[PDB]
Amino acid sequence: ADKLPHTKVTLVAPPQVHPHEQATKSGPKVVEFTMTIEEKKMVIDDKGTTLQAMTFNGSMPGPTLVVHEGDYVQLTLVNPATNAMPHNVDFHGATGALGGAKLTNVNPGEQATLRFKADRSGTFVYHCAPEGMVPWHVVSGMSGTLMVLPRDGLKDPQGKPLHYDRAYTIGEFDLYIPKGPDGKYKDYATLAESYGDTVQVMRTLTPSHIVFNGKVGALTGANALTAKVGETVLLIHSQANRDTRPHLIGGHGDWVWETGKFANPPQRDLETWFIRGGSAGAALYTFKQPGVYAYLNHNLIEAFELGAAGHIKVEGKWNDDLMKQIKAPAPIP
């Protein structure tokens, strides 16, 4: 690793993913990243409910980091003195020392640099895991995805090449917002004051909200995902704490790695797939119809009542072969 060239990557905010190659002629590199932790109060729904949140780089999820199999990830993790809590990082893509958590314990005002070999292909969760407060830091927003691409790109079960034209990253967050005796959600002045009441809600195993990318409706309206007929999209879906079941309404998972590990053959033609709590999965889809799709957790209560749903707006020409309204709604003859 000490023999290798270094490259520095500039991260981009979800739902985008930073520029990268799929199949590459390049040899292994030490790939350098930096992230800065930000604790902040965030508004998470349409009625002004707040979360005392904790983030990598100011977003939920943290940004997606992309490397190739055989690369080394070298992350500088910064915990500004403006934060109240200690933090660290655990990479599921890494081997040893609790995913790196033991080597990256940063108090406010400190930083650390971790290197690990990305020797396994796939999408992998990374998350904060400070001893004694792991689930709180995770459910408060401290997770994201590391994608390790095979050096020769994605492959189907027969070893044929697969690709995406655009990648989107979706972090799904089960939130545990406490209520007061009046039945309204509690607003806390500081992160520390949210703790005890939040642990109590967590222990019920019942989320108050389940959101994509930090808020009900985050991936809707002006902020809907976009694509065009004929384009192949990769949808990366991470859930660091709780199971989810992604579904594209009006579409499919053409090729899906629901356990998120690219050396395994993908499944095809899925209606709904399953992302295990503590993992990231990946689905390819090539659009064949224009229109607005929903991308959601298909526990429909979790999607429509609790917030786990987004939109994809797709341009292009309608295909009557695939679907046709033979008779529009009309009175029964």
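Note that residue numbering follows the sequence shown and begins at 1.
- As the entry records it, the average C-alpha temperature factor is higher for 86-94, out of 86-94 and 243-251.
- Look at the mean CA B-factor for 60-68 and for 39-47 in the entry; the higher one is 39-47.
- Of the candidates 143, 113, 169, 206, the deposited coordinates give 113 the top C-alpha B factor.
- Split the chain's modelled residues into thirds by C-alpha temperature factor. Residue 155 is in the middle one.
- Looking at the C-alpha B-factors along this chain, the one for residue 117 belongs to the middle third.
- Looking at the C-alpha B-factors along this chain, the one for residue 108 belongs to the highest third.
- Among the modelled residues of the chain, residue 309 sits in the lowest third by CA temperature factor in this PDB entry.
- Among the modelled residues of the chain, residue 288 sits in the middle third by CA temperature factor in this PDB entry.
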